[PDB]
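Next up is one chain by itself, shown in structure tokens, the form deposited in one PDB entry.
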């Protein structure tokens, strides 16, 4: 069974509201009219009234909720709260009226205030433009130094990871993580694995080196980050530096890194930077026939996800479903 089928089913059990801002694109409506249709969640649409019922065509959205930045009965405290976290960044009140009238923003500040549980977009903008709303308004969770991105990778005939399932991170967002930032990526991705795959994360800090099989600036960066992460999170089994083969293969691990809590069992792969992360994941997907999921964001304070530039609405129902389960990571 599919990770996304598993997830979307778990996501139906919950009750969560997802504010989709891309209300001028007709995919973000094909998506919208299947959320309410399967019980995946409830879902806000952020944008002009003239768009909705006229654009998509004939699809039932009475189950949906329309809120325009210039219609809602609370729109005033949005130009105000935005101006409270841009309180240090040069933008006045009518500039806080220029930025906010955009749909992405209103969908994001609704999350910050708990009017909405989460946000999915990226499909019609990019991964530069999308994450600003996610950073400036939402900010991050407490046990989190940054917003990062990741991918769930399912490898077909595979006796590695968690039944062929892995989290790769960061493979989306963070171009050049510093050693501090890497260590945190490990910790935060462990909690995401647990949440989404529902298995014990064994986190591998990757490298061409394995426990000093080589030595350079590169290795030492990872070395350090392993050991930073091992402190941040003692309860989480975390090791580095590991090559991939030692990371996943008992026989190999047994000789390259004897008595490791991770080597030979890995299911979370952590990369030195985004050349590595993004190469690794595409290589899995295309040469290993792995199914890939993401980019999904993590370490955020309330879930807000990005989308591959070009995609279908069936992917979006996927993303919306993850934004739900994610949305059930703190409320307890």
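So that the term is clear: the rigid core is the largest set of C-alpha atoms that superpose within 1.5 Å between two forms. Numbering follows the first chain given and starts at 1.
Here the subject shifts to the form deposited in another entry, a form of this protein not shown in this document.
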| item | value |
| --- | --- |
| Of 232, 224, 200, 141, the one whose Cα moves 2 Å or more between the shown form and the other one after core superposition | 141 |
| Is_shifted residue 42 between the shown form and the other one (CA, 2 Å cut-off, rigid core) | no |
| Closer or farther in the other entry: C-alpha pair residue 145, residue 197 (3 angstroms or more) | closer |
| Cα distance between residue 192 and residue 141, which in the other entry differs by 3 Å or more from this form, closer or farther | farther |
